[PDB]
Amino acid sequence: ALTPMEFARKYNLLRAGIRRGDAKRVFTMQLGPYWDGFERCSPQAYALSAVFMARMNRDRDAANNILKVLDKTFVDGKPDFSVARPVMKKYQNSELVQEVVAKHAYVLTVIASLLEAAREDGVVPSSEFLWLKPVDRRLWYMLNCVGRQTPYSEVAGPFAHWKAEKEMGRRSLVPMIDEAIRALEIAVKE
Amino acid sequence: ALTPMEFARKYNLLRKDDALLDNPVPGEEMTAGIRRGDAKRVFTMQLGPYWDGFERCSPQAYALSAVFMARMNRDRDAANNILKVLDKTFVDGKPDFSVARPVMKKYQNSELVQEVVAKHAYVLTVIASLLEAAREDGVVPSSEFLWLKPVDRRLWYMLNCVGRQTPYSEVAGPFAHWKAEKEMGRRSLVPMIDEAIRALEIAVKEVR
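Structure determination for this entry, per the PDB record, employed X-ray crystallography and reached 1.8000 Å resolution.

Asks: Before we move on, could you go through the overall build of chain B and cite the residues and values that matter?
Replies: When helices and strands are tallied, chain B shows 11 helices and 0 strands. Start at the N end of chain B and walk to the C end: the helices and strands fall as α-α-α-α-α-α-α-α-α-α-α. In terms of overall dimensions, chain B is globule-like: its C-alpha atoms have a radius of gyration of 19 Å, near the 17 Å expected for 208 residues. Each of the three principal axes of chain B carries a C-alpha extent, and together these read 60 × 40 × 25 Å. At a minimum sequence separation of 6, the contacts of chain B that also span at least 24 residues come to 62%.

Asks: Got a sec to walk through helix α3 (residues 43-56) of chain A? Specific residues and values, please.
Replies: Between its terminal C-alpha atoms α3(A) stretches 20 Å, which fits the 20 Å expected from 14 residues at 1.5 Å a residue. Across the 14 residues that make up α3(A), a large majority, 13, are buried.

Asks: Now, about the UniProt feature "domain: DotM C-terminal cytoplasmic" (unreviewed entry) in chain B: what can you tell me, with residues and values included?
Replies: What UniProt calls "domain: DotM C-terminal cytoplasmic" (unreviewed entry) maps, in this numbering, to residues 38-201 of chain B. Taken end to end, residues 38-201 of chain B has its terminal C-alpha atoms 13 Å apart, with 60% of it in helix and 0% in strand.

Asks: Could you give an account of the UniProt feature "domain: DotM C-terminal cytoplasmic" (unreviewed entry) in chain A, with specific residues and numbers?
Replies: As annotated by UniProt and renumbered to match this structure, "domain: DotM C-terminal cytoplasmic" (unreviewed entry) occupies residues 22-185 of chain A. Between the first and last C-alpha atoms of residues 22-185 of chain A the distance is 12 Å; the span itself is 60% helix and 0% strand.

Asks: Which residues make up helix α3 (residues 59-72) of chain B, and what values do they have?
Replies: Residues and elements named next belong to chain B. A rise of 1.5 Å per residue sets the reference length of α3, with its 14 residues, at 20 Å; its end C-alpha atoms lie 20 Å apart and thus fit the reference within 8%. For α3, a buried count of 13 out of 14 residues is recorded, marking the element as mostly surrounded by other parts of the structure. Backbone geometry just after α3 places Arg-74 at a positive phi near 60 degrees.

Asks: Got a sec to walk through the side chain of B:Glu170? Specific residues and values, please.
Replies: All names here are of chain B. Tracing the backbone through its elements, the reader meets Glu-170 in the loop between α9 (153-161) and α10 (172-184). Put simply, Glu-170 is tucked away with no salt bridge, and the nearest opposite charge, on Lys-10, sits 6.8 Å away. Of the polar contacts made by the side chain of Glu-170, one reaches the backbone nitrogen of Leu-2; its length is 2.8 Å. Not counting chain neighbours up to four residues away, the residues in contact with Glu-170 comprise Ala-1, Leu-2, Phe-7, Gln-46, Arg-154 and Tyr-157.

Asks: Please provide a residue-by-residue account of the packing of aromatic side chains, values included.
Replies: As enumerated under the stated definition, the model contains 20 aromatic pairs over all chains in all. Relative to B:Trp178, the ring of B:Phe175 has its centre 5.7 Å away and its plane inclined at 65 degrees; by these criteria the two rings are edge-to-face. Taken as a pair, B:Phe175 and B:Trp178 lie in helix α10 at a separation of 3 residues, close to a single helical turn. For B:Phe175, a relative accessible area of 6% translates into the label buried. Three or more aromatic residues joined by ring pairs form one cluster here, namely A:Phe52, A:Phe129, A:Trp140 and B:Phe90. Looking at A:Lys133, its charged tip hangs above the ring of B:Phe90, at a distance of 4.1 Å from the centre.

Asks: I'd like a rundown of the interface of chain B and chain A, residues and numbers included.
Replies: Accessible area lost upon the coming together of the parts serves often as the stated size of an interface. Taken together, the 17 residues of chain B in the interface contact 18 residues of chain A. Between chain B and chain A lies a buried interface of about 1400 Å² when both sides are counted; carbon and sulfur atoms form 61% of it. Interface area lost by chain B to chain A is led by B:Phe90, B:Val91 and B:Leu146, which between them contribute 42%. Scanning the region where chain B abuts chain A turns up 0 salt bridges.

Asks: Please set out the pattern of salt bridges residue by residue, giving values where relevant.
Replies: Residue and element names in this part refer to chain A. Across all of its chains, the model carries 17 salt bridges over all chains by this definition. One salt bridge connects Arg-20 with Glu-185, and the closest N-O pair in it is separated by 2.8 Å. Of this pair, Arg-20 sits in helix α2 (residues 20-31) while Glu-185 sits in helix α11 (residues 178-188), and the two are 165 residues apart along the sequence.

Here is what the cut-offs are and how they apply
Residues numbered from 1 in each chain as written, not as in the entry; some residues may be left out. Chains lettered and ligands numbered in written order. Heavy atoms only, no water. Residues with missing side-chain atoms left out of burial classes, pairs and counts. Helix = DSSP H or I, 4+ residues; strand = E, 2+ residues; numbered from the N terminus. Rg over C-alpha atoms; globule rule 2.2 N^0.38 Å. Contact = heavy atoms within 4.5 Å. Expected span 1.5 Å × (residues − 1). Buried < 20%, exposed > 50% of the residue type's maximum accessible area, 1.4 Å probe, protein only. UniProt positions renumbered as here; feature names shortened; annotations may be inferred. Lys, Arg positive; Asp, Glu negative; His and termini not counted. Salt bridge = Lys/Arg side-chain N within 4 Å of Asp/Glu carboxyl O. Polar contact = N/O pair within 3.5 Å; in protein donor to acceptor, adjacent residues only side chain to side chain. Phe/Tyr/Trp six-rings, centres within 6.5 Å; stacked < 30°, edge-to-face > 60°. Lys NZ or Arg CZ within 6 Å of the ring centre and 35° of its normal. Buried area = accessible area lost by both parts, 1.4 Å probe.

Below you can see the structure in the form of structure tokens.
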């Protein structure tokens, strides 16, 4: 993961000081797509959302079966994310899942709160899905920041928006990433 | 992982159908479907380095060997601690393979480890037999070192073929050599990969 300074240099954000308008665009692009149905998600976000929904509904067998298939099919190919389809169909309209999806407007902030909610059922460490680091580094870092106070710079945008939706008490389509800008500005000032 | 046909195509190993060779190399049939010399080179390249001290191995081969040594000596906490540390440090950087050093120091001269290392001459065939012996102590699945696939795909494929009858083509060389060392009952510095060529020939004929 990049250092704040390494991140600022990579995206040409040094004006020290920060190019704030540029940093706003970078962090907004980091935030990724609106949530508008799990079938529009990436296969890896779809499958892991299904694991977390299963755990929230105390279906440990279904959650573990997805994770075991993704680990085994990763041995010699891409993880077979399609195995998650029946678990998604079973739980995407369940009361506990609807309650979490209600609170967040972006794929990345929805799935962060699904992981947080799944950890009410037990431990769900990222060591359960190590294949995610080569498959989708951004989602990997985001999920590994669930439960942390400070994010990696490469997910500071969606992390900030996630916390802002919690603070506001509602989902927000308008990006709320100002805490990422403030944090990067402070870390850059050495 | 490539299928045998995909592998043969990638390395240009297929001969034309209905071959009738004027000058086949030693060990190559006049009607061979595989370029034996080119196949020998590719499978030998897969074998990798001689074993000559674990300190000369890659960091990932070193750390996983330590895990397997610990299981062979019934030290589950030492093994599980390494695996957990490697999973956790993988999150934002390279796995911290140095966590394995005290465990390597403790067990590399142990009776059961010496017996395995005696039997194999290559890093890949030593570590394959160490994994095999570790599984006498319990389950040691590759799902517990899934970071290895992006780190070192050859070692990843090798370790995932321990316990199989048939290897992935990308480690058919070291797999064949591993089995040949078992069959001969001794380590062999001379490469023994003929079975890998033979299996590719059978696989190509069985298609076509």
